[PDB]
Amino acid sequence: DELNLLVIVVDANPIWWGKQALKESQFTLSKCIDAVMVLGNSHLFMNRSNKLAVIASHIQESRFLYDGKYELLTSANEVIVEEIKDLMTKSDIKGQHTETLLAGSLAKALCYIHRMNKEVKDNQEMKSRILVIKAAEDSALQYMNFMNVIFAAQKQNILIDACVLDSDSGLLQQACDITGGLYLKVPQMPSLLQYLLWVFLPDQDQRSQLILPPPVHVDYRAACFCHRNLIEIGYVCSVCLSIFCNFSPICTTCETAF
Amino acid sequence: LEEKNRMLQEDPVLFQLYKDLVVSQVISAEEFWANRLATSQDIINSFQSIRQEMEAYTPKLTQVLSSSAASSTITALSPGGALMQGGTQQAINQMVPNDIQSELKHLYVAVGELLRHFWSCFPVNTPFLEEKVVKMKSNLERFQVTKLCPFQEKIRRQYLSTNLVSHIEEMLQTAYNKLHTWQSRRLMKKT
Amino acid sequence: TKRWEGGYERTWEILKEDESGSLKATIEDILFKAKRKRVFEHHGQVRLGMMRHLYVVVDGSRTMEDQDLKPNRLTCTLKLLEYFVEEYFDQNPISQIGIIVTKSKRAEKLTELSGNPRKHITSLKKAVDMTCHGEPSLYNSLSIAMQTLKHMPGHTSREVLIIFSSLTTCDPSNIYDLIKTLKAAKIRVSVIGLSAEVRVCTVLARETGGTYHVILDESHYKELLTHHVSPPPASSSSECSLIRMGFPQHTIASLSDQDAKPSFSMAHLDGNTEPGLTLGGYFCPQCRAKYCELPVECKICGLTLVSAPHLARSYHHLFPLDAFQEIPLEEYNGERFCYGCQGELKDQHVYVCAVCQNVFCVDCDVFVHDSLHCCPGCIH
Amino acid sequence: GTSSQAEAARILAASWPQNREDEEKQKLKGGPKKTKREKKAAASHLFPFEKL
Amino acid sequence: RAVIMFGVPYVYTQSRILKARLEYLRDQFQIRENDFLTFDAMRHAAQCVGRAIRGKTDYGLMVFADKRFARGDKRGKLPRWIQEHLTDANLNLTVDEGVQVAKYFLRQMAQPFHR
Amino acid sequence: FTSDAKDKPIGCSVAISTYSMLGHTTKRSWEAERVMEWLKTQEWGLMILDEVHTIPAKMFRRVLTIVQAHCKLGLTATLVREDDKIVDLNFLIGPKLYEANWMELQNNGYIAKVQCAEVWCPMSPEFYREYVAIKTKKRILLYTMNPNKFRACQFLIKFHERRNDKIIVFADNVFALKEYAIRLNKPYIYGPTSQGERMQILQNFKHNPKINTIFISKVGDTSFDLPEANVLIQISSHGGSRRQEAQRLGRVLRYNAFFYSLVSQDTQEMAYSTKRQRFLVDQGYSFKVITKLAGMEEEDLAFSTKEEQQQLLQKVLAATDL
Ligand SMILES: [Zn+2]
Ligand SMILES: [Zn+2]
Ligand SMILES: [Zn+2]
Ligand SMILES: [Zn+2]
Ligand SMILES: [Zn+2]
């Protein structure tokens with residue numbers, strides 16, 4: 001009667017993966033996709049009722065990615081491979097946008113989890129969690145939307161786990177701390193699959209049994225309204241609670257509201 | 001005199017603070033009670049390169065992981081590893097014994113009081129407060145030389161692994177930097 | 001005449017059949033009628049707020065020994081006060097609570113006016129075992145509250161809450177002059193009595209603009225406190241109200257790094273108990289002081305330390321999500337897959353956003369309007 | 001007396017519906033509960049004096 | 001808010017003024033002396049106790065501190081607008097139960113009402 | 001018109017009276033005779049009957065024939081009755097118009113959701129021998145005064161007083177109720193006491209924190225003005241009176257509340273409780289069975305030792321009503 005749903009958000013930003021490929025390093029996007037597929041197969045093998053979802057984030061949008069081995073896994077892997085090929089090959093850079101649409105992917109994941117929860121029979125509880133692997137730099141323009149997504153996830157009691165590869169993201173740290181998830185930065189990229197299977201594979205009930213690395217130093221720097229930049233000291237309106245970097249005689253937000 | 005003495009008698013912690021500030025010539029008794037009262041087309045080239053690379057993509061099984069990588073990751077994730085550092089001031093409750101701890105608390109209280117006075121003086125909007133901030137900085141320097149340097153010597157002699165001095169220096173260094181920046185800005189306004 | 005003396009209602013007349021089996025389809029509409037039972041608003045009331053400096057006055061006379069509320073008035077009052085403090089700090093990010101206790105014709109400031117929730121609860125728990133003696137003095141408590149709140153900035157809403165158990169008060173001077181002074185000082189005073197209505201409390205509440213209520217039982221007491229939880233409405237733009245506050249990052253210390261400096265918390269240094277010597281905590285952005293609780297105003301530099309998510313949690317009220325246009329499935333010429341949940345659109349009605357023109361099913365529309373508060377299509 | 005108290009307690013508290021229920025409990029699960037949902041339902045369906 | 005009657009107020013029988021009126025009523029109007037005395041006492045009590053209710057919004061408490069008021073011949077002399085509110089439950093109750101009744105009445109009357 | 005004040009019923013719009021007064025077969029009072037003569041000389045509009053379930057009686061049936069009215073409206077809470085005389089009520093007054101659904105009524109929150117309990121107690125060895133020894137109607141006191149049931153009742157009283165809940169203890173066979181109530185030194189209503197004492201006891205039961213438990217002996221088996229209570233404990237009621245148990249349950253609702261029924265195992269009281277709860281299970285209530293009381297031995301209760309238990313036999317057999 002225990003159902004676990006795992007949604008894996010893959011940072012498929014073409015710029016960062018192209019730079020990684022040009023670096024000629026031992027880790028590429030192909031290995032990341034293979035590790036994600038292996039993690040999904042392991043999650044499906046953990047229990048029959050386990051449900052898997054994979055969402056790939058791109059500059060354009062979010063794509064729902066979902067002989068001798070399991071039949072369902074063979075079908076599942078082929079669909080994911082076809083989707084990732086279709087997304088990347090047909091991805092054409094049209095504009096100067098470079099930040100990853102991480103907030104939209106999380107919103108789609110929340111909508112999918114909400115859809116799946118209703119279809120579950122009332123006798124069983126669907127424990128759901130979201131795992132995010134971060135490759136590109138964080139986007140400060142989507143701060144409010146990201147916070148709204150975090151609050152929505154916390155309201156429905158959905159764990160959010162972040163697997164940072166290259167650069168730490170404050171938004172992911174806040175999401176992990178607020179929702180009670182696990183935040184981890186990968187020291188060695190080629191060993192990504194072992195980290196995923198050792199840390200993020202167990203469910204919340206099993207995480208109590210096991211011993212896990214302590215949470216990293218989570219920051220809580222706020223985003224200014226007129227700059228959308230993280231700040232430590234700033235001016236905050238007492239009515240609308242808006243945050244400003246510099247003092248102003250009149251609040252812009254309160255002036256907007258009539 | 002009699003009234004002042006009874007106040008210190010009621011609070012021995014304040015009396016020890018009074019001795020550490022007035023007797024040691026750090027501050028005068030007059031000032032003591034005064035406060036008390038992106039890139040070029042290379043990005044497009046990389047995008048095209050990754051698109052071409054992922055056009056011909058095939059899943060792999062052996063290439064995903066190796067025995068050495070898994071062993072190294074487990075060693076890192078084993079207790080006492082890099083990510084699983086289990087010490088984290090293992091016996092800090094028993095280390096740096098309570099005799100040092102009481103002195104550390106007294107130093108923390110003194111630094112907090114002095115910095116509270118300094119930041120209450122800040123910002124300096126009147127010429128009167130200009131001298132008060134200089135006197136506060138002089139008192140801070142005198143207290144540091146009188147207490148922290150012997151404290152640093154005691155720590156070095158006992159070889160404590162905790163960097164108790166470092167945090168106190170950070171606050172004092174930040175205060176000094178803020179004062180220097182404000183003085184520079186004041187000089188800028190006069191240019 | 002009367003409404004029920006006319007014709008008897010036949011509610012079963014709604015269902016109809018035309019093909020000897022169409023009834024199922026009708027109940028399907030009923031299922032579609034089952035959903036959308038909310039107004040798409042979790043609160044639906046005040047869409048803004050204003051900072052409050054609330055003072056809670058607690059009677060400490062012999063009347064608190066009465067056993068109207070088990071076990072006595074004082075214990076239930078303090079329990080509900082702890083609940084009120086928790087809820088009030090939950091629903092007000094930058095508000096402050098002070099506590100005054102009136103006893104033996106005198107007023108004692110039990111806790112200073114601050115925003116720390118843990119300190120007030122501990123003070124109340126300590127005060128649970130106090131000794132009830134003498135008679136209350138509303139004049140002294142009101143004078144202390146006015147003296148403290150006189151210097152507060154005008155944009156802040158100054159509120160005083162009095163929990164008056166005893167029916168008699170001793171006034172060293174005329175109280176109506178104090179009431180006029182409070183009215184001139186723009187202080188809102190609300191009283192929640194326990195025994196019966198008192199003329200002076202009613203006059204004070206009426207003149208100062210507050211509300212006076214009398215407890216019927218413990219449930220009514222909790223309801224009155226919950227009503228007092230909600231912040232008062234504020235004007236669209238009143239003054240130049242801005243406050244300098246910092247945002248401390250929760251930096252923990254690990255022995256793996258060389259920057260792990262143990263430090264005693266400034267708040268914990270003021271307690272009688274041994275201060276916590278923890279690895280790390282919240283560092284002040286101005287003077288690098290260490291604190292363990294938020295939101296706590298810094299004792300050294302006077303800066304206020306506030307957690308950004310607490311402030312951001314109320315931003316959806318500033319930008320409410322516009323209702324999506326309900327469109328029947330037949331009249332929509334496009335993709336039949338939901339943009340949010342990727343599910344097939346089979347319901348009779350499909351909701352389309354007015355900005356991104358994406359299609360959302362009933363479940364996704366309800367989820368967006370209730371919890372997400374942001375359109376996923378508009379995010380991209 | 002003290003012995004009479006114990007004898008009366010033994011006679012009363014375990015007369016009919018304990019000589020088998022206690023034996024079944026001795027031969028029962030023993031380990032932890034099945035799920036947390038079962039414990040919540042049991043607490044909801046138990047009387048206030050049976051939860052103390 | 002509360003009007004207390006400490007005993008039935010009986011006019012003094014001295015001065016040989018009340019007794020002359022009693023005799024005149026007895027031999028002329030056939031009025032019982034005891035009945036007239038009870039009538040006068042209850043009339044004064046009701047007159048001095050009914051002034052606590054002036055206006056629809058006004059409310060008040062009325063207590064009689066004498067067991068003699070519990071007798072029917074004296075309750076019947078109260079005005080009709082007070083009889084129906086004087087339930088038979090509280091006619092001889094002790095001090096503590098009277099205090100409890102007063103507390104309950106005041107607590108339930110402190111709530112707002114409508115027009 | 002109940003022969004108490006006689007507030008001039010002649011020339012009135014609304015008249016309120018009671019049964020057993022309109023159907024007297026004996027000599028009547030002079031004033032009452034004239035009142036009845038006046039009343040039997042005009043039409044009545046919407047003659048309202050309360051507790052209609054006990055209409056089919058020897059003298060209550062003729063009441064409808066002794067007055068003339070156009071509409072006869074009957075109101076009750078427990079329409080179940082023995083002697084299958086409810087069928088007669090179909091033509092005595094009219095058809096059953098409305099039957100409220102109690103489950104949906106309590107789902108809306110306007111009726112307290114009472115958690116029914118049927119907790120039984122084993123028969124003590126000093127009592128079961130006498131219970132099986134005698135059969136000529138003398139066994140009622142034996143299972144009525146079961147020491148184990150007494151201990152269970154005392155424990156429930158103490159628990160619900162510690163949690164501050166109003167308690168009403170129904171107990172027929174007032175001979176047993178005497179020693180049942182004086183043992184705990186608590187107020188009780190014998191029934192043939194007086195009118196003022198019962199009224200004042202019920203009036204001070206509600207608004208008094210010191211006393212929050214009362215005992216009723218078959219007096220509360222009708223529609224009275226009993227105040228709101230959360231705990232009801234019934235011991236040794238009538239045999240199969242579904243009406244009585246339903247009425248007793250109705251005195252609680254107005255889990256906000258819960259009521260307990262104590263019975264003695266291996267006795268006729270078990271069968272009586274089983275056969276009297278069928279009306280409530282038809283209404284939708286479920287009677288959970290409680291076999292063990294948590295913390296029974298935690299505190300001291302009466303009849304702790306066997307000495308007083310065996311002493312109880314003499315005083316319970318001391319009836320000898322022969
Ligand atoms: Zn700004
Ligand atoms: Zn504003
Ligand atoms: Zn600071
Ligand atoms: Zn959908
Ligand atoms: Zn949209």
# chains A, B, ... in the order shown; residues from 1 in each chain; ligands from 1
>>> select_by_dssp(residues="region 18-73 of chain F", states="alpha helix (DSSP H)", output="list in words")
residues 30, 31, 32, 33, 34, 35, 36, 37, 38, 39, 61, 62, 63, 64, 65 and 66 of chain F
>>> write_last_selection(atoms="C-alpha atoms", output="PDB file, in the first residue's frame")
ATOM      1  CA  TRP F  30     -65.286  21.535  40.196  1.00  0.00           C
ATOM      2  CA  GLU F  31     -63.189  24.112  38.336  1.00  0.00           C
ATOM      3  CA  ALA F  32     -61.621  21.417  36.153  1.00  0.00           C
ATOM      4  CA  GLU F  33     -65.082  20.091  35.288  1.00  0.00           C
ATOM      5  CA  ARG F  34     -66.219  23.506  34.044  1.00  0.00           C
ATOM      6  CA  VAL F  35     -62.961  23.972  32.128  1.00  0.00           C
ATOM      7  CA  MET F  36     -63.452  20.612  30.404  1.00  0.00           C
ATOM      8  CA  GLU F  37     -67.096  21.412  29.638  1.00  0.00           C
ATOM      9  CA  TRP F  38     -66.051  24.703  28.043  1.00  0.00           C
ATOM     10  CA  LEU F  39     -63.210  23.023  26.140  1.00  0.00           C
ATOM     11  CA  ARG F  61     -56.458   6.703  22.778  1.00  0.00           C
ATOM     12  CA  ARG F  62     -59.852   8.018  23.901  1.00  0.00           C
ATOM     13  CA  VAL F  63     -58.340  11.482  24.451  1.00  0.00           C
ATOM     14  CA  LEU F  64     -58.452  12.170  20.712  1.00  0.00           C
ATOM     15  CA  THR F  65     -62.118  11.138  20.885  1.00  0.00           C
ATOM     16  CA  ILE F  66     -62.838  13.437  23.853  1.00  0.00           C
TER      17      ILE F  66
END
>>> closest_atom_pairs(of="chain C", to="chain B", cutoff="8 Å", atoms="only C-alpha atoms", output="CSV")
residue,atom,partner,partner_atom,distance
C:253,CA,B:88,CA,7.8
C:254,CA,B:88,CA,5.7
C:255,CA,B:88,CA,5.1
C:256,CA,B:85,CA,6.5
C:260,CA,B:163,CA,7.5
C:261,CA,B:163,CA,5.2
C:262,CA,B:164,CA,6.2
C:263,CA,B:164,CA,6.9
C:264,CA,B:105,CA,7.7
C:269,CA,B:105,CA,7.6
C:277,CA,B:93,CA,8.0
C:279,CA,B:88,CA,7.4
C:287,CA,B:171,CA,5.9
C:288,CA,B:171,CA,5.9
C:289,CA,B:171,CA,7.5
C:299,CA,B:116,CA,7.3
C:300,CA,B:116,CA,4.2
C:301,CA,B:119,CA,5.0
C:302,CA,B:120,CA,7.8
>>> write_last_selection(atoms="C-alpha atoms", output="compact mmCIF listing (two decimals), in the first residue's frame")
# COMPACT_ATOMS: atom_id res chain seq x y z
CA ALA C 253 30.48 25.26 10.29
CA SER C 254 32.22 22.02 9.30
CA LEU C 255 35.67 20.83 10.38
CA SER C 256 36.40 19.87 6.76
CA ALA C 260 34.91 26.73 11.11
CA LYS C 261 34.96 29.16 14.04
CA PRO C 262 32.80 28.16 17.03
CA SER C 263 31.04 31.11 18.63
CA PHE C 264 28.54 31.75 21.41
CA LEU C 269 24.64 34.81 26.22
CA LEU C 277 28.39 26.76 21.98
CA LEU C 279 29.30 25.14 15.34
CA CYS C 287 28.53 43.23 12.58
CA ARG C 288 28.80 39.44 12.03
CA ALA C 289 27.04 38.67 15.31
CA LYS C 299 21.39 43.45 19.91
CA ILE C 300 24.67 45.06 18.83
CA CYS C 301 24.03 47.19 15.73
CA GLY C 302 20.24 47.39 16.10
>>> atom_distance(atom1="CA of residue 105 (chain E)", atom2="CA of residue 207 (chain F)")
10.6 Å
>>> atom_distance(atom1="CA of residue 310 (chain F)", atom2="CA of residue 218 (chain F)")
28.6 Å
>>> interface_residues(of="chain F", to="chain C", cutoff="10 Å", atoms="only C-alpha atoms", output="list in words")
residues 163, 164, 207, 208, 209 and 210 of chain F
>>> write_last_selection(atoms="C-alpha atoms", output="PDB file, in the first residue's frame")
ATOM      1  CA  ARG F 163     -11.615  15.549  32.175  1.00  0.00           C
ATOM      2  CA  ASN F 164     -14.547  17.758  33.292  1.00  0.00           C
ATOM      3  CA  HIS F 207     -23.808  25.897  36.072  1.00  0.00           C
ATOM      4  CA  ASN F 208     -21.677  24.528  38.895  1.00  0.00           C
ATOM      5  CA  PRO F 209     -18.063  23.356  38.463  1.00  0.00           C
ATOM      6  CA  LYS F 210     -18.019  21.591  41.846  1.00  0.00           C
TER       7      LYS F 210
END
>>> residues_around(residues="residue 26 (chain B)", least_positions_apart="5", cutoff="12 Å", atoms="only C-alpha atoms", output="ChimeraX atom specification")
/B:17-21,31-32,110,114,135-147
>>> residues_around(residues="residue 38 (chain B)", least_positions_apart="2", cutoff="10 Å", atoms="only C-alpha atoms", output="list in words")
residues 96 and 98 of chain A; 40, 41, 42 and 43 of chain B
>>> closest_atom_pairs(of="chain C", to="ligand 2", cutoff="12 Å", atoms="only C-alpha atoms and all ligand atoms", output="Markdown table")
| residue | atom | partner | partner_atom_place_in_ligand_line | distance |
| --- | --- | --- | --- | --- |
| C:48 | CA | ligand 2 | 1 (Zn) | 9.7 |
| C:49 | CA | ligand 2 | 1 (Zn) | 10.0 |
| C:50 | CA | ligand 2 | 1 (Zn) | 9.8 |
| C:51 | CA | ligand 2 | 1 (Zn) | 11.6 |
| C:155 | CA | ligand 2 | 1 (Zn) | 11.5 |
| C:234 | CA | ligand 2 | 1 (Zn) | 10.7 |
| C:235 | CA | ligand 2 | 1 (Zn) | 10.3 |
| C:236 | CA | ligand 2 | 1 (Zn) | 8.4 |
| C:237 | CA | ligand 2 | 1 (Zn) | 7.4 |
| C:238 | CA | ligand 2 | 1 (Zn) | 9.4 |
| C:239 | CA | ligand 2 | 1 (Zn) | 9.5 |
| C:240 | CA | ligand 2 | 1 (Zn) | 9.0 |
| C:241 | CA | ligand 2 | 1 (Zn) | 7.9 |
| C:242 | CA | ligand 2 | 1 (Zn) | 8.4 |
| C:243 | CA | ligand 2 | 1 (Zn) | 11.2 |
| C:315 | CA | ligand 2 | 1 (Zn) | 11.2 |
| C:318 | CA | ligand 2 | 1 (Zn) | 9.8 |
>>> atom_distance(atom1="CA of residue 246 (chain C)", atom2="CA of residue 238 (chain A)")
14.3 Å
>>> residues_near_ligand(ligand="ligand 1", cutoff="10 Å", atoms="only C-alpha atoms and all ligand atoms", output="mmCIF file with C-alpha atoms, in the first residue's frame")
data_model
loop_
_atom_site.group_PDB
_atom_site.id
_atom_site.type_symbol
_atom_site.label_atom_id
_atom_site.label_comp_id
_atom_site.auth_asym_id
_atom_site.auth_seq_id
_atom_site.Cartn_x
_atom_site.Cartn_y
_atom_site.Cartn_z
ATOM 1 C CA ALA A 223 16.084 39.419 -4.185
ATOM 2 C CA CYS A 224 15.530 43.135 -4.713
ATOM 3 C CA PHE A 225 12.370 44.141 -6.559
ATOM 4 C CA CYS A 226 13.990 46.735 -8.839
ATOM 5 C CA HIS A 227 17.232 44.817 -9.469
ATOM 6 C CA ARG A 228 16.347 41.124 -9.073
ATOM 7 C CA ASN A 229 19.756 40.689 -7.443
ATOM 8 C CA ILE A 231 21.309 41.352 -1.344
ATOM 9 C CA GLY A 234 18.094 46.327 2.048
ATOM 10 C CA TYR A 235 14.973 48.370 2.625
ATOM 11 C CA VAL A 236 11.657 46.565 3.139
ATOM 12 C CA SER A 242 8.388 44.466 -0.828
ATOM 13 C CA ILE A 243 12.191 44.558 -0.693
ATOM 14 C CA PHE A 244 14.261 47.389 -2.174
ATOM 15 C CA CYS A 245 18.018 47.835 -2.435
ATOM 16 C CA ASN A 246 18.000 51.602 -1.802
ATOM 17 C CA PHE A 247 15.794 53.940 0.201
ATOM 18 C CA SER A 248 12.893 55.566 -1.631
#
>>> residues_around(residues="residue 48 (chain B)", least_positions_apart="4", cutoff="8 Å", atoms="only C-alpha atoms", output="count of residues only")
3
>>> residues_near_ligand(ligand="ligand 5", cutoff="8 Å", atoms="only C-alpha atoms and all ligand atoms", output="number ranges by chain")
C: 352-358, 375-379
>>> write_last_selection(atoms="N, CA and C atoms", output="CSV table (one decimal), in the first residue's frame")
chain,number,residue,atom,x,y,z
C,352,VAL,N,-8.4,28.0,-20.5
C,352,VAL,CA,-7.3,28.6,-21.3
C,352,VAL,C,-6.9,29.9,-20.6
C,353,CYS,N,-5.6,30.0,-20.4
C,353,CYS,CA,-5.1,31.2,-19.8
C,353,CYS,C,-5.1,32.4,-20.8
C,354,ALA,N,-5.4,33.6,-20.3
C,354,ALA,CA,-5.5,34.8,-21.1
C,354,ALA,C,-4.2,35.3,-21.7
C,355,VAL,N,-3.1,34.9,-21.1
C,355,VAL,CA,-1.8,35.4,-21.5
C,355,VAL,C,-1.0,34.5,-22.4
C,356,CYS,N,-0.8,33.2,-22.0
C,356,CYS,CA,0.0,32.3,-22.8
C,356,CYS,C,-0.9,31.4,-23.6
C,357,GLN,N,-2.2,31.5,-23.5
C,357,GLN,CA,-3.2,30.7,-24.3
C,357,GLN,C,-2.9,29.2,-24.2
C,358,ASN,N,-2.5,28.7,-23.0
C,358,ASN,CA,-2.3,27.3,-22.8
C,358,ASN,C,-3.6,26.7,-22.2
C,375,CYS,N,0.8,30.9,-13.1
C,375,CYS,CA,0.6,30.2,-14.3
C,375,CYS,C,1.8,29.6,-14.8
C,376,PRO,N,1.9,28.2,-14.9
C,376,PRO,CA,3.2,27.6,-15.4
C,376,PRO,C,3.5,28.1,-16.8
C,377,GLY,N,2.5,28.3,-17.7
C,377,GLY,CA,2.8,28.8,-19.0
C,377,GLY,C,3.4,30.2,-19.0
C,378,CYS,N,2.9,31.1,-18.2
C,378,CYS,CA,3.4,32.4,-18.1
C,378,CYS,C,4.8,32.5,-17.5
C,379,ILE,N,5.2,31.5,-16.8
C,379,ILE,CA,6.6,31.5,-16.2
C,379,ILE,C,7.6,31.4,-17.3
>>> residues_near_ligand(ligand="ligand 4", cutoff="6 Å", atoms="only C-alpha atoms and all ligand atoms", output="list in words")
residues 338, 340, 341, 343, 360, 361, 363 and 364 of chain C
>>> write_last_selection(atoms="N, CA and C atoms", output="PDB file, in the first residue's frame")
ATOM      1  N   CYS C 338      -3.411  18.448 -21.770  1.00  0.00           N
ATOM      2  CA  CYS C 338      -3.230  19.528 -20.812  1.00  0.00           C
ATOM      3  C   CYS C 338      -1.781  20.000 -20.806  1.00  0.00           C
ATOM      4  N   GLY C 340      -0.248  21.468 -18.301  1.00  0.00           N
ATOM      5  CA  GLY C 340       0.384  21.310 -17.006  1.00  0.00           C
ATOM      6  C   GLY C 340       0.675  19.873 -16.631  1.00  0.00           C
ATOM      7  N   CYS C 341      -0.340  19.014 -16.698  1.00  0.00           N
ATOM      8  CA  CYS C 341      -0.208  17.627 -16.276  1.00  0.00           C
ATOM      9  C   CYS C 341      -0.028  16.658 -17.435  1.00  0.00           C
ATOM     10  N   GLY C 343      -2.021  15.400 -19.257  1.00  0.00           N
ATOM     11  CA  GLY C 343      -3.105  14.446 -19.374  1.00  0.00           C
ATOM     12  C   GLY C 343      -4.047  14.784 -20.514  1.00  0.00           C
ATOM     13  N   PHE C 360      -5.492  24.060 -19.636  1.00  0.00           N
ATOM     14  CA  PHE C 360      -5.362  23.380 -18.358  1.00  0.00           C
ATOM     15  C   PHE C 360      -6.677  22.701 -18.010  1.00  0.00           C
ATOM     16  N   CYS C 361      -6.586  21.477 -17.503  1.00  0.00           N
ATOM     17  CA  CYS C 361      -7.772  20.745 -17.090  1.00  0.00           C
ATOM     18  C   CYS C 361      -8.330  21.338 -15.797  1.00  0.00           C
ATOM     19  N   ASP C 363      -8.447  19.928 -12.786  1.00  0.00           N
ATOM     20  CA  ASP C 363      -7.542  19.694 -11.665  1.00  0.00           C
ATOM     21  C   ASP C 363      -6.373  20.669 -11.689  1.00  0.00           C
ATOM     22  N   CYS C 364      -5.770  20.866 -12.865  1.00  0.00           N
ATOM     23  CA  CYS C 364      -4.643  21.785 -12.966  1.00  0.00           C
ATOM     24  C   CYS C 364      -5.074  23.223 -12.712  1.00  0.00           C
TER      25      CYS C 364
END
>>> residues_around(residues="residue 160 (chain B)", least_positions_apart="2", cutoff="12 Å", atoms="only C-alpha atoms", output="PyMOL selection string")
chain B and resi 89+91-92+94-97+100+151-158+162-165
>>> residues_around(residues="region 90-93 of chain E", least_positions_apart="6", cutoff="10 Å", atoms="only C-alpha atoms", output="list in words")
residues 64, 65, 66, 67, 68, 69, 70, 71, 75, 99 and 101 of chain E; 196, 199, 200, 203 and 204 of chain F
>>> closest_residue(among="F:185, F:304, F:3, F:54", to="chain D", atoms="only C-alpha atoms")
F:304
>>> interface_residues(of="chain A", to="chain C", cutoff="6 Å", atoms="only C-alpha atoms", output="MDAnalysis selection string")
chainID A and resid 104 107:108 111:112 152 217:222 232:233 235:239 249:250 254 258
>>> write_last_selection(atoms="N, CA and C atoms", output="compact mmCIF listing (two decimals), in the first residue's frame")
# COMPACT_ATOMS: atom_id res chain seq x y z
N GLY A 104 9.76 26.64 -14.23
CA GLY A 104 8.69 26.05 -15.02
C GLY A 104 8.68 24.54 -14.96
N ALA A 107 7.20 23.58 -11.69
CA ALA A 107 5.75 23.76 -11.73
C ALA A 107 5.07 22.62 -12.48
N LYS A 108 5.64 22.21 -13.61
CA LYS A 108 5.08 21.08 -14.35
C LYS A 108 5.16 19.80 -13.53
N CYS A 111 2.37 19.91 -11.03
CA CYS A 111 1.10 19.62 -11.68
C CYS A 111 0.95 18.13 -11.97
N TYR A 112 2.03 17.50 -12.44
CA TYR A 112 1.98 16.07 -12.73
C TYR A 112 1.77 15.26 -11.45
N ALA A 152 4.38 25.94 -2.61
CA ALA A 152 3.37 24.99 -3.05
C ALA A 152 3.80 23.56 -2.77
N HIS A 217 25.69 24.71 4.14
CA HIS A 217 25.36 26.04 4.64
C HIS A 217 24.38 26.71 3.69
N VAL A 218 23.10 26.70 4.06
CA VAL A 218 22.05 27.28 3.23
C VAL A 218 22.02 28.79 3.43
N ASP A 219 22.02 29.53 2.33
CA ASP A 219 21.91 30.98 2.37
C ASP A 219 20.47 31.41 2.14
N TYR A 220 20.15 32.62 2.62
CA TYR A 220 18.80 33.16 2.52
C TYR A 220 18.81 34.61 2.05
N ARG A 221 19.74 34.95 1.16
CA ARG A 221 19.79 36.30 0.62
C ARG A 221 18.55 36.58 -0.21
N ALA A 222 17.94 37.74 0.00
CA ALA A 222 16.71 38.09 -0.67
C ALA A 222 17.00 38.78 -2.00
N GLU A 232 22.12 41.44 0.92
CA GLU A 232 22.19 41.11 2.34
C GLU A 232 21.49 42.16 3.21
N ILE A 233 21.67 43.43 2.89
CA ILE A 233 21.04 44.53 3.61
C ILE A 233 20.24 45.36 2.62
N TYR A 235 16.15 47.72 2.06
CA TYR A 235 14.97 48.37 2.63
C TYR A 235 13.73 47.56 2.29
N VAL A 236 12.87 47.36 3.29
CA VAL A 236 11.66 46.56 3.14
C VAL A 236 10.46 47.42 3.52
N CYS A 237 9.48 47.49 2.63
CA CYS A 237 8.25 48.21 2.93
C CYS A 237 7.47 47.50 4.03
N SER A 238 6.80 48.28 4.87
CA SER A 238 6.07 47.74 6.01
C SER A 238 4.63 47.37 5.67
N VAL A 239 4.17 47.66 4.46
CA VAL A 239 2.78 47.39 4.10
C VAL A 239 2.71 46.17 3.19
N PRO A 249 11.56 57.57 -1.16
CA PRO A 249 10.51 58.31 -0.44
C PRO A 249 9.14 57.67 -0.54
N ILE A 250 8.83 57.02 -1.66
CA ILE A 250 7.52 56.40 -1.87
C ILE A 250 7.73 54.97 -2.35
N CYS A 254 3.26 49.94 -3.49
CA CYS A 254 2.07 50.54 -2.89
C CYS A 254 1.46 51.59 -3.80
N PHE A 258 -4.06 50.31 -5.98
CA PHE A 258 -5.02 51.38 -5.76
C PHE A 258 -6.33 50.83 -5.21
